[PDB]
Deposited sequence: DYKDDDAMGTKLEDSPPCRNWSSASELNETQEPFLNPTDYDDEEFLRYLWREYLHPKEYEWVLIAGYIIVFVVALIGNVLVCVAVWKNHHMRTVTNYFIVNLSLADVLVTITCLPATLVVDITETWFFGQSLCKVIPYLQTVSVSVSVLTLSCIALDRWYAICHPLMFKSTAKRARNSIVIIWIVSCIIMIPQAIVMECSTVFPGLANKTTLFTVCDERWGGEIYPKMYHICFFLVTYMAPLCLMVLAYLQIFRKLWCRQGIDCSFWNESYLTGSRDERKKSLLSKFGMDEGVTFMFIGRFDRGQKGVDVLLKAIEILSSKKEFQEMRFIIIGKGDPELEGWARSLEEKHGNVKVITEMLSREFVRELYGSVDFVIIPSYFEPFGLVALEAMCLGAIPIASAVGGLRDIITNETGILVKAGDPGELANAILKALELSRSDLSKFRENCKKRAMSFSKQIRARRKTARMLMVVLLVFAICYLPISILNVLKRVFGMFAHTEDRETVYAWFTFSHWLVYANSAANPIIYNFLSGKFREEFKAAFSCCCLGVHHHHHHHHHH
């Protein structure tokens, strides 16, 4: 014995050094730089600690056993080292699960460091408890006389128990949390990439020409309106969704007031023929109200956002205030409902918030926007622009971290698939009961791969995380 031995020793050494240095540097990076202190990164630290554990205590023993096919260490270590192995695996899996859970909770339904600490502690306790059977079953057996060798292996009192235990181990440490994390991360993907975001390259002021005053003058001239504060609605005509009913009702409330003559309204969209007719009746009734049911290009809408004073977003429900972001990027000030999404983007410095379906509150907000429009609104518009850009920035960042995490999950799944399938085939379906060197080679490789995962994570952080890469950079600077 044996071929593939030098590549096994070499690979184990490489993995050992890279995993040790790498995960230690991960922990150092998070601990010494405060901007690194996020829930995700605390969890990541936990992961690296588990990896360091299994790297120090299990990897060498595994190399020796896979090389010699014997157990030189004691009975105690024959209990301990497999126990530490399984515990490390459990900690890793549950840590990934808590990461995915955290991201899902923060992204799909918009988590403190204390909560995260509790999560960590729980993870380690659960992991240590559920892996007690592993420690119980492991036994040393003497095989033969001139010599004798001892091997360390699971001792079962039947054929059913190992099958059940390894089914359970496969489900708990691999299959179920993997499935759950996949579901969570695909929902997260759909949320962050497909439903969130904004064409920042299109929705910016650079494409418009002339001052805002000139554009507004052109706007009102084109619409056949006198000068005055201009409000804009763009959503669909629904009852209980985009809230054009709230706006129409509030317009009726305002129409009796003397301030109404100072206001201008641009209501755009299709939908309920009753609401469309209501809009058209209000349009025919008042000269300072214009209704557009026809389809408008993005360029025209962009010009609108860059010309009007305020944009009214009276939604009952708005998970993604993309209209708000588009308008704010072009200097339009939002008067929106305090529903989650608009509630997220807009603050009291970057717009006006109102109760979702209260026409009185909306009319009051419109009046307030008028009195506010009696003076310079520059600072306000700039605040809106910078808030929108900041929000978009945050979305892109969340995309980066989420992609990194997904990649880690994938690499984990890949790294643990072979040993999983092998264990299930051997222990549950009783295969490999008959050419042994091939099976043994597959097993040695699978073991090495499992340990290779631990070295895989930190370099993943290096290539897919700017902050981690920068701290790694600072570390290796001699």
| property | result |
| --- | --- |
| Deposited positions without coordinates, collected into consecutive stretches in sequence order | 1 to 55, 166 to 169, 204 to 208, 499 to 500, 545 to 559 |
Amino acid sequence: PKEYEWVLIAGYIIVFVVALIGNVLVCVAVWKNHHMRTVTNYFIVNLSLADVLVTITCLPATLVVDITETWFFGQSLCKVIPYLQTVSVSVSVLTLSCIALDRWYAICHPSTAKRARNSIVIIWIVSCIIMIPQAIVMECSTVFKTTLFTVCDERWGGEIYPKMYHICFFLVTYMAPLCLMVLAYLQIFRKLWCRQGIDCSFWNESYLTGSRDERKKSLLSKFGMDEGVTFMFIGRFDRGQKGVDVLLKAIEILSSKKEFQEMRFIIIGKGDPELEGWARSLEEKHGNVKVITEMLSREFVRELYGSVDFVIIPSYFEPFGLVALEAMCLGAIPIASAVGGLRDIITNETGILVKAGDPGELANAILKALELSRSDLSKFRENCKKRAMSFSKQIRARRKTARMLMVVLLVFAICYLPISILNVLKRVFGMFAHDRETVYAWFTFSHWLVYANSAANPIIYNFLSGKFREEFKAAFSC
From here on, numbers count along this sequence of modelled residues.
{"query": "Between the two ranges 390 to 398 and 235 to 243, the one averaging a larger CA B factor in the entry", "finding": "235 to 243"}
{"query": "Residue range whose averaged C-alpha B-factor is higher in the record, 363 to 371 or 83 to 91", "finding": "363 to 371"}
{"query": "Peak C-alpha temperature factor (PDB record), options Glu214, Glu274, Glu326, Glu139", "finding": "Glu274"}
{"query": "Per the PDB entry, maximal CA B factor within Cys98, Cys384, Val354, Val408", "finding": "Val354"}
{"query": "Where the record places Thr38 (Cα B-factor, split into thirds across the chain)", "finding": "lowest"}
{"query": "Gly321 - which third its CA temperature factor falls in, relative to the rest of the chain", "finding": "highest"}
{"query": "Chain thirds of CA B-factor: placement of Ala135", "finding": "lowest"}
{"query": "For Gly269, the third of its chain into which the C-alpha B factor falls", "finding": "highest"}
{"query": "CA B-factor placement of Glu154, once the chain's modelled residues are sorted into thirds", "finding": "middle"}
